[PDB]
Amino acid sequence: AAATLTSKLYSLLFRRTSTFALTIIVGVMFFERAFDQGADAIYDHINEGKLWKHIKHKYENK
Amino acid sequence: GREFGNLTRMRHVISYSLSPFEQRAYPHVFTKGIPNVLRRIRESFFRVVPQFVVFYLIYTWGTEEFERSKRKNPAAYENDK
Amino acid sequence: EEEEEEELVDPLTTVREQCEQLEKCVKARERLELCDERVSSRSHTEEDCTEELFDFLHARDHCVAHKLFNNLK
Amino acid sequence: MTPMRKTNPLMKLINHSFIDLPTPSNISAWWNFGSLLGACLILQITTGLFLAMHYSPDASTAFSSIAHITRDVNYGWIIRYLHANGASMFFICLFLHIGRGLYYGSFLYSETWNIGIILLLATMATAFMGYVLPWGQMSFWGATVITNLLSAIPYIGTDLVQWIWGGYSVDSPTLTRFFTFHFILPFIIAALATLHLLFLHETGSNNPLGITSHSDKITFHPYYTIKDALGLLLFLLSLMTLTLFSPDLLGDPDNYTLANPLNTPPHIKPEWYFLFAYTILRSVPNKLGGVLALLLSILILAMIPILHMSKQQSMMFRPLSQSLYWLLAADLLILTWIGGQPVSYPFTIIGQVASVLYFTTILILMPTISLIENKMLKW
Amino acid sequence: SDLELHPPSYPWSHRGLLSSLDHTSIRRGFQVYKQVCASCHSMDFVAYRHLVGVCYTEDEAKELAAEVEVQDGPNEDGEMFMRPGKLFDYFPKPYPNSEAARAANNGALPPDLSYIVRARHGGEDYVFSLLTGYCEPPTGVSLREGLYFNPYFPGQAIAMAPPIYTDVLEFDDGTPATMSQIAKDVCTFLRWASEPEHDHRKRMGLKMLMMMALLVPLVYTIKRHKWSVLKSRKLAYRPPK
Ligand SMILES: COC1=C(OC)C(=O)C(C/C=C(/C)CC/C=C(\C)CC/C=C(\C)CC/C=C(\C)CC/C=C(/C)CC/C=C(\C)CC/C=C(\C)CC/C=C(/C)CC/C=C(\C)CCC=C(C)C)=C(C)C1=O
Ligand SMILES: COC1=C(OC)C(=O)C(C/C=C(\C)CC/C=C(/C)CC/C=C(\C)CC/C=C(\C)CC/C=C(/C)CC/C=C(\C)CC/C=C(/C)CC/C=C(\C)CC/C=C(\C)CCC=C(C)C)=C(C)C1=O
Ligand SMILES: COC1=C(OC)C(=O)C(C/C=C(\C)CC/C=C(/C)CC/C=C(\C)CC/C=C(\C)CC/C=C(\C)CC/C=C(\C)CC/C=C(\C)CC/C=C(\C)CC/C=C(\C)CCC=C(C)C)=C(C)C1=O
Ligand SMILES: CCCCCCCCCCCCCCCCC[C@@H](O)O[C@H](CO[C@H](O)CCCCCCCCCCCCCCC)COP(=O)(O)OCC[N+](C)(C)C
Ligand code: HEC
Ligand code: HEM
Ligand code: HEM
């Protein structure tokens, strides 16, 4: 229960809605990058060795 | 009526409420919440299930009937002719 | 090649013969053969054992599915 | 200075219609399918609009253009499947919309209930003509059968079927003509949807109990905007699951083959949302009689308010009426299942029994049981 | 005649809710198409591109598309010359018109394969069992010499002759040319030809599932937060008495 952490977040970035919107924009930018990278890694893991990315090395520059 | 202020006549009614920020969003969701859902399910259980149970019986019976209708009959050329 | 049949063996044949020693896969075998013999004798019948074949094949292919691909690639 | 939303002309309508109209506090999730329908309508327009930017309504290039959209056009496949699957979701919401009214007695609002019937008929027309646009094997023959079934009209039928065709067969002129109707009709539906709300607004929405809720009305915005937003999220969940995992389960294959005029497929069937009617006409032995049955049916929905004879609006406190309602729902399920099966002795008799049972339930059984229930309570 | 024989549900590598196609199998399946299929089956809606990012490299695609001549437009005089072939070209038509196709196929018209998988019931399960199953006709049933008895064919009398057998072709990968192996590979290739968006579709689905799992609890919590004012309010009735 990081009550102090939530208190700091509110007092600095939520009391005014202008700051509230700005945090949202930066958060989504970072979130999409992390979400996309993690999801693609999971997809590649489940399908290891079948995607063309995993076999192109056997023909590219070859 | 059709607008707030002139809809109906009421007297001697008192209401109490609390701010959203001062109370939990999921209070007694297992002590009290789950029991209530179960109560609702049983209260309206035998008024619905029998009709759909019947539907399944006709569905299965009709499907199996059609299959038998397309199965070779021993009477077919039973006279060896 | 060293062999034109041994090298070209298809895992289908092995699984096929192997899974034809099961009560269901063999019981229907005679019910088919019996049907076959009936038409061979009867000279005017217009009957065939196609419906009898669709049960033997149904049973055989059901078992073949769960074992065939393990011996591929 | 008072709020501007109560003075600006455009803001008065928005405030009345969305922000502040009183609503019952106890309306359940069943009252959430009306807003979804419009949302689906909105979704069906935009997607279709983009598809219209690439589709070619001609007997020869129609099939080719669909293949081009699915493969070469960027994100064409997803747009097509959203359009196709959104149609089915629209009808599912539509049936649930109608079902709620029958159970909770909303039909008592005659003016609003009658407008609804028109919206349903228009919706079906839009969906039927849209299914011809792909110009597949099933589309060609589906239109052929559902159109040749106007030759039974006493004396004008034959004259009014060739006129619809634009010729002595179904060819490109039919395709282009249906394309224009498909485009235009949904916008008329949108306008009619505003008459539906308008006539509703002068009386107010109903509640599950069936008692007037003037004592406990609530402003629509905060509570129900978030509630309808939650419903929209769930609706999107269902739609995306259908499209992104199993797009073609609800469609019928053999529609992916070029339409062959001289090749009748062994098993012609309408779409899942139209099957219930197909079995009601295939059962009647007379061709004209089957058309009269398919029509007399849809219209019994208009007659429901007359046949109502109970002294309670809501069927919540009417246990016997509930049993009949679920029985009738099961009957519709049987009709749907029969619609998808070939003609044969068992299905035919089952369909015949279901049809008569469907009608007699609505006409005799429901009024009689309501009268008995009234007698029981000593009204 | 009788009810159609339903093919069984074979376990495919891509049948999983999140599984993807095996692209090496697609490459081998295409290699089969070039020799055995191309003779009398058409693929109208597939170009020599669409393979660059799937199995073959761009340079390999160029080398292969140039292997077959294609018709071009008019010349100075107006005559039509033949180009070596480019990426944007589609796969050559075995026959000009349906009449010639049927005339050379004993009346039967081989359908285009671009959507055969999503057209026939049972998917590739139907195709695989169709190619593997050519049984000797049962007793008491006869058919035209041109026709062939295949139980999975709805007429049980198919004009197409057995298309595949052991050692019809040698794959570059070096895998054995087993008839079962060939059938599986071509079925994978046909599945792709009918649903090229397969892999991307499932990737989007995975992202949607995780996003939905995150979102739905939050939106429900917000709704509970707003409605808590009513879900806990208490009433009283104090008449003047
Ligand atoms: C198995 O194959 C089959 C299918 O699958 C494949 C199918 O899909 C279908 C289904 C058919 C599908 C497409 C084809 C059918 C198409 C049609 C019937 C309709 C034909 C028309 C269309 C394209 C055009 C649609 C028309 C449009 C837009 C015109 C309407 C335009 C407007 C603005 C609307 C305006 C209306 C206004 C002002 C009137 C206002 C008032 C009202 C509603 C109030 C009601 C008034 C009244 C009298 C009624 C009240 C009555 C009272 C009390 C009496 C009670 C009534 C009783 C009856 C008892 C079939 C048949 C089938 O075979
Ligand atoms: C439960 O409680 C509730 C109620 O009860 C209290 C309610 O009552 C309601 C309200 C009921 C509902 C929604 C239900 C339905 C009811 C309604 C009133 C609404 C009815 C709906 C409609 C009419 C449909 C509305 C619209 C839809 C889909 C949009 C279609 C129309 C459009 C404009 C949309 C936009 C399309 C766009 C932009 C195209 C996309 C392309 C874009 C970038 C490229 C565009 C490019 C161009 C134009 C380029 C042009 C270039 C030109 C000239 C060249 C110029 C060149 C130069 C050099 C100058 C709810 C929700 C509720 O919950
Ligand atoms: C000067 O002072 C004034 C003012 O200020 C003081 C004012 O303010 C005003 C205020 C008023 C105005 C200016 C007036 C105008 C105001 C406006 C906003 C302008 C609005 C304009 C409009 C909406 C446009 C109106 C026209 C529209 C959309 C088009 C109308 C026509 C149609 C949709 C088509 C109708 C049908 C036609 C041609 C018939 C042909 C087709 C068919 C039969 C259909 C064929 C079949 C099918 C679809 C098939 C359906 C069935 C099918 C498949 C199967 C059925 C089942 C089987 C079994 C077969 C005025 C007058 C004034 O003076
Ligand atoms: C285009 C198609 C869109 C389709 C959308 C479909 C959506 C489906 C799902 C529906 C979800 C419904 C809920 C979504 C919002 C939930 C939270 C919301 O309801 O809360 C409100 C949301 O309100 C807003 O947050 C208010 C601030 C506005 C923020 C705007 C952010 C915009 C970001 C994107 C900008 C893009 C710019 C692009 C330029 C080119 C009020 O929050 P509240 O806690 O009571 O505000 C207190 C203010 N404080 C903090 C200052 C005290
Ligand atoms: C020229 C001989 C020939 C060969 C070899 C051939 N096709 Fe065909 N194909 C035909 C003909 C002819 C038909 C239609 C026969 C009929 O309908 O009786 C047909 C039909 C089909 C069908 C339709 C099955 C159905 O249920 O509609 C499929 C699928 C098919 N072929 C796939 C293939 C595949 C995979 C190969 C592997 C190269 C192949 N064909 C090779 C000529 C051939
Ligand atoms: C086809 C598009 C339709 C749309 C967009 C639509 C929209 C709506 C909306 C938003 C409501 C209020 C909110 C709600 O009830 O959920 C409503 C109520 C109603 N609708 Fe519809 N509707 C449509 C079709 C129909 C149909 C086909 C009927 C057939 C009976 C119908 C009958 C009713 C009735 C009787 C009400 C009153 C509900 C009440 O009083 O509680 N509507 N409609
Ligand atoms: C409620 C509104 C609508 C409904 C219910 C509806 C329904 C349908 C249906 C069921 C199909 C068949 C698609 C298929 O089987 O693949 C279709 C096709 C189509 N519709 Fe819509 N439609 C609506 C609105 C629109 C609009 C507004 C447009 C254009 C402005 C449009 C354009 C198209 C096009 C281009 C196709 C061809 C897509 C294809 O062949 O796959 N539709 N429609």
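Yeah, the Cβs are placed from backbone N, Cα and C, and that goes for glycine too.
Here is what Swiss-Prot records for this protein:
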type	residues	note
BINDING	D:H83, D:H182	heme b b562 binding site
BINDING	D:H97, D:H196	heme b b566 binding site
BINDING	D:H201	ubiquinone binding site
TRANSMEM	D:33-53	transmembrane segment
TRANSMEM	D:77-98	transmembrane segment
TRANSMEM	D:113-133	transmembrane segment
TRANSMEM	D:178-198	transmembrane segment
TRANSMEM	D:226-246	transmembrane segment
TRANSMEM	D:288-308	transmembrane segment
TRANSMEM	D:320-340	transmembrane segment
TRANSMEM	D:347-367	transmembrane segment
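Positions of Swiss-Prot features highlighted on the structure.
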residue : record                   : Cβ within 10 Å
D:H83   : heme b b562 binding site : 20
D:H97   : heme b b566 binding site : 19
D:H182  : heme b b562 binding site : 21
D:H196  : heme b b566 binding site : 19
D:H201  : ubiquinone binding site  : 14
Rounded to a whole angstrom, what is the C-alpha distance between D:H196 (heme b b566 binding site) and D:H83 (heme b b562 binding site)? 24
Whole-number Å value for how far D:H97 (heme b b566 binding site) lies from D:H182 (heme b b562 binding site) (Cα to Cα): 23
Folded-back contacts onto the transmembrane segment (D:113-133), same chain, C-beta under 8 angstroms, at least six residues removed: 55, 57, 62, 87, 90-91, 94, 97-98, 101, 106-107, 139-140, 142-143, 146, 174-175, 178-179, 181-182, 185-186, 188-189, 192-193, 195-196, 199, 271, 273-274, 298-299, 301-302, 304-305
Pairwise CA distance, D:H97 (heme b b566 binding site) versus the residue listed as 'ubiquinone binding site', rounded so that it is a whole Å: 17
In Å, rounded, how far does the Cα of D:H201 (ubiquinone binding site) sit from the Cα of D:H83 (heme b b562 binding site)? 31
Measure from each Cβ of the binding-site residues D:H97, D:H196, D:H201 to the atoms of ligand 7 and list the residues where some distance is under 6 Å. none
Suppose we screen the binding-site residues D:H97, D:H182, D:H196, D:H201 by Cβ distance to ligand 6 with a cut-off under 6 Å; which survive, in sequence order? D:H97, D:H196
